[PDB]
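All remarks here apply to the structure that follows.
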Number of protein chains: 2
Amino acid sequence: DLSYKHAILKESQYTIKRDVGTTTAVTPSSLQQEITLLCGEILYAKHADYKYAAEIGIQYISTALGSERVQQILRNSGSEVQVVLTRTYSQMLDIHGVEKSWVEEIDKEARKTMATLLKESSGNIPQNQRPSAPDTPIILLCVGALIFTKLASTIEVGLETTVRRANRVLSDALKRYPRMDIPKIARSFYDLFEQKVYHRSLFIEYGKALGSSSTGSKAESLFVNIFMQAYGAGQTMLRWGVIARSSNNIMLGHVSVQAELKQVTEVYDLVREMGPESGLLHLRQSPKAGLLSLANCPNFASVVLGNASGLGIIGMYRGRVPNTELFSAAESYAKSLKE
Amino acid sequence: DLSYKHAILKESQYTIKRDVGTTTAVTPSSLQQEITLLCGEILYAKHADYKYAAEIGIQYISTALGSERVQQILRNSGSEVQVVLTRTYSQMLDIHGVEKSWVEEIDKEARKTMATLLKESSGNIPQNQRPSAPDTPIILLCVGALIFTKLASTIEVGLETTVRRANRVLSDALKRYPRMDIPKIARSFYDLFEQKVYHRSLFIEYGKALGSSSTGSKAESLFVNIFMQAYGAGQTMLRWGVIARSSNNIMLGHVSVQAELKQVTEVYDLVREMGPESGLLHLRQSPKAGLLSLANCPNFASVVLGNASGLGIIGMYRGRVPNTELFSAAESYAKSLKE
RNA sequence: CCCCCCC
RNA sequence: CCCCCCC
RNA sequence: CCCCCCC
């Protein structure tokens, strides 16, 4: 059945159309040196409103890939959003859907903070501490990638995890910019990813275009590391299933587990059939996701969760254990094997 | 014989003609923003009559796919129903076959409820609690998809299951709209699916056009999840047969089971021959369904039902057990293997 | 005739 | 319906 | 995020 369902979904002669009357903003590569400034003036000043930081990160992505490539990416993502270009005025940027009041506020706040830290201090600002640093857009996109790995999770868990992991992953940027509010920027990125779902596809295309590069700075290598940490998002049950098989859990040989193993292997075969893009299904909110669910094998899922709980892997996972006796037996065996 | 029967049914040079003098209603995409309102004014008010909620969900489907694509879908489903377009009047909708009194009643009831909940309360209605929310048509179609998975079952079982599953599947919508009557909407959808059988084909085409989409909201992902839960409808005996084979039931090696295994494998080969569209045969009430029946293998069916009963899968399945001795032996072995 | 559980 | 830990 | 010794 599962192969037939995927065959129906894949073999479609008709293309969906959505967001027909909508538009979005991009910034041409000719403005990259400008957007960098903006992407850094968000980082070293303490701003009251961090509402469009995610849009500025996506603007930098658009400068990197190019306006035409970004339009093509949005078009092949199933969304008929018409790209609107970015202009300059007196210079500053007039990004579509980003209020000019916001851009002026961010610029003025950063200029005032820079003046205050230059007047009082000894005037020895290093090359990495200024807003026009060239890795500041990647530093913002690193907060974006941290909150990207938690798009399958909830908002509160995502924000808490983003802040906790960014105090260590982004320690160097925090030292360079003492006053960068990872919570508010992470909230902005979560809002962008939820509202504009095609920007998930744009962000993934940037991740690919960055990982495929021949050279990169440490910021881009960090961004790619986090982006790849997001790969199996929304499918931790499959990873824990292969973990359970590697652990040689005895309760995998139970009668009901052996009964469901056929369709479990069917799900894994479907994973292989989709191939490399299967991992990005839940990150993209591809409607085709959910063909990879193991919820139709309650006993296998309970055994997998029990094995994870025994090994300590389960952590604070919020999934359901359908069959509690199998869960407890598997947990006991996994603890025994671990000890 | 079974391959020959399918060859006769498939190799037909003549097309059937039905519903020749009949007509049905569609709504053009230009009215989607309007139909959404209607599809949500059914959800947050307590209506005396929920008679045409299913037709309003199908109207939203018609806006999504388009009027011309919907006409083509109805034509290729074997039904010569002439599509009638939807108009507006003073604005509200005049849907063909939907009485204007009903639309006026629903709109007035929703407006009165909104006025009552705005006058008494503190006036802090969130963006998701209002009728013009853009996921309300998908919320109605989710009740429709829940009752869709029970079209092979009976009406009472379908309604009971729809309400039971919708208290959990649709918990968030229920929180957003405290007064949405899943029983009456489910009854309306069951009535639509029984009366207009071509709307099963339309609803399946919407499911495909939604699953094939590159992006979607959580409502559309939920709808696709339920729609795929409906895939093997009307053929639980085949699923339980492959379950029995996976369980390695000893009574499958009995003399009579081994006698019938040849034509059983013939049925499964026919399943593979039809391919992806085989699962939707009973959902569509395709007359070609019934070639997949295992009723001509009473001993295999009894063994399969016994295995299911032993594993606890049988639940409250109402199929017949032809050979009770095989059923009991298979149930005993399945319980023994499970323990 | 067929279908019939749970998710 | 699905998802849900850590890195 | 990754890396981190010796030759």
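See the values below:
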item	result
Pairs, first within 15 Å of residue B:81 (Cβ to Cβ) in segment B:1-21, second part of a loop (DSSP other than H, G, I, E, B) and among the aliphatic types (A, V, I, L, M), C-beta under 6 Å, six or more apart	B:19/B:81
Residue selected from segment A:295-320 under the condition over 22 Å from residue A:158 (Cβ atoms) and surrounded by fewer than 20 Cβ atoms within 10 Å (Cβ to Cβ), by the criterion farthest from the other protein chains (Cβ to nearest Cβ)	A:312
Within segment A:242-265, considering residues that are closer than 26 Å to residue B:335 by Cβ and under 28 Å from the mean Cα position of the chain (by Cα), the one surrounded by the fewest Cβ atoms within 10 Å (Cβ to Cβ)	A:264
Residue ranges of helices (runs of 4 or more DSSP H) in segment B:203-275 with at least 3 members more than 7 Å from chain A (Cβ to nearest Cβ) and among the polar types (S, T, N, Q)	B:255-274
Filter pass, residue A:155 being more than 9 Å from RNA strand D (Cβ to nearest atom), within 14 Å of chain B (Cβ to nearest Cβ) and either β-branched (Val, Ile, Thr) or surrounded by fewer than 22 Cβ atoms within 10 Å (Cβ to Cβ) (or both)	yes
Residue in segment A:38-53 that is farthest from the other protein chains (Cβ to nearest Cβ), counting only those that are in contact with an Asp or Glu (Cβ under 9 Å, 6 or more places away or on another chain) and among the hydroxyl-bearing types (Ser, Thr, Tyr)	A:50
Only listed residue being within 14 Å of chain B (Cβ to nearest Cβ) and either at negative phi or in a helix (DSSP H, G or I) (or both), chosen from A:56, A:35, A:8	A:8
Looking only at segment A:74-109, and only at residues there that are within 14 Å of chain B (Cβ to nearest Cβ) and of a type outside the set (A, V, I, L, M, F, W, C), the one that is surrounded by the fewest Cβ atoms within 10 Å (Cβ to Cβ)	A:76
Any hit, segment B:167-175, residues being of a type in the set (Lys, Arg), out of contact with any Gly (no Cβ under 8 Å at 6 or more places or on another chain) and closer than 30 Å to residue B:16 by Cβ	no
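Yes or no, residue by residue, for (1) of a type outside the set (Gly, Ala, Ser); (2) near RNA strand C (Cβ under 10 Å from one of its atoms):
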position: B:291; (1), (2): yes, yes
position: B:327; (1), (2): yes, no
position: B:333; (1), (2): yes, no
position: B:336; (1), (2): no, no
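The numbers here are math on the coordinates, done by the rules we state, and not lab data. As a convention, Cβ positions derive from the backbone with ideal geometry for all residues, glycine included, and neighbour counts pool all protein chains shown.
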